[PDB]
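Here the structure is laid out as structure tokens; the discussion comes afterwards.
No value in this document is a laboratory result; all are computed from the given coordinates. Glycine gets a Cβ as well: all are built from the backbone with ideal geometry, and neighbour counts include every protein chain shown.
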Amino acid sequence: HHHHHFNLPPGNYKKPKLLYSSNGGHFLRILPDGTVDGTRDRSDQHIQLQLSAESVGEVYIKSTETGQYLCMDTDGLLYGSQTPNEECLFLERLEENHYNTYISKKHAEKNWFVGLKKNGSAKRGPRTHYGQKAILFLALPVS
């Protein structure tokens with residue numbers, strides 16, 4: 001019993017990626033202090049992310065520079081943590097036949113997405129929904 005479709009994006013997790021927001025052109029960033037935002041600075045050391053699978057279509061998203069995992073708490077706020085738990089698994093799905101989206105597995109029934117606003121701020125889960133621009137990502141090679 002899923003609450004979501006199962007169209008998966010092409011590709012694999014062999015190499016690190018930049019998660020590029022086509023909304024405002026920011027890369028997803030996990031800062032050393034555990035806060036999460038976006039930056040247009042392609043040379044930023046905290047935007048290189050290693051994704052890895054749990055079950056098919058499930059991913060962890062980890063900062064290569066600090067070892068922090070992307071997590072979403074019970075208010076729907078993104079944060080970084082050294083310790084991955086159930087709050088740090090996302091359903092990776094194809095969207096609009098092209099982009100990646102990342103839904104909180106823990107809060108999947110709420111349709112809470114990872115998202116980045118045009119101003120480079122992270123969205124909060126309850127302020128996201130299908131059909132928004134801020135939830136659409138591309139996973140770009142770092143090299």
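Could you work out the relative contact order of the chain? I mean the mean sequence separation of Cα pairs under 8 Å and 6+ apart, divided by the number of residues, in percent.
Result for the chain is 27 percent.
Place +1 on the Cβ of every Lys and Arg and -1 on the Cβ of every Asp and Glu in the range 37-85, take the dipole about the Cα centre, and give the residue among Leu77, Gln45, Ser63 whose Cα lies farthest towards its positive end.
Result: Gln45, furthest along the dipole toward the positive end.
Kindly list the residues of the range 31-55 that lie in the label zone of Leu77, defined by a backbone N under 17 Å from the point 7 Å along the Cα-to-C-beta vector.
31-38
To the nearest 20 debye, what charge dipole does the range 74-143 have about its Cα centre, counting +1 at the Cβ of each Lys and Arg and -1 at the Cβ of each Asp and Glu?
300 debye
If you split all Cα-Cα distances of the chain into 5 Å bins from zero, what percentages do you get per bin, shortest first?
Histogramming the chain at 5 Å steps yields 2, 11, 22, 27, 24, 11, 3, 0, 0 percent.
Arranged from highest to lowest average of other beta-carbon atoms within 10 Å per residue, in what order do the peptides 105-116, 58-69 appear?
Per-residue mean Cβ counts within 10 Å order the peptides as 105-116, 58-69.
For the pair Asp41 and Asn12, what calculated FRET efficiency results from E = 1/(1 + (r/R0)^6), where r is the Cβ-Cβ distance and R0 = 25 Å, to the nearest 0.05?
After rounding, the FRET efficiency stands at 0.40.
Which whole-number percent is the relative contact order of the range 45-123 (Cα, under 8 Å, 6+ apart)?
19 percent.
As an exercise, use a Förster radius of 22 Å and the Cβ-Cβ distance of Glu58 and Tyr130 to find the FRET efficiency, rounded to the nearest 0.05.
That pair, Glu58 with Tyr130, gives E of 0.70.
Considering the Cα trace of the range 35-103, what is its radius of gyration and what is Dmax, both in angstroms?
In Å, with Rg to one decimal and Dmax whole: 12.4, 33.
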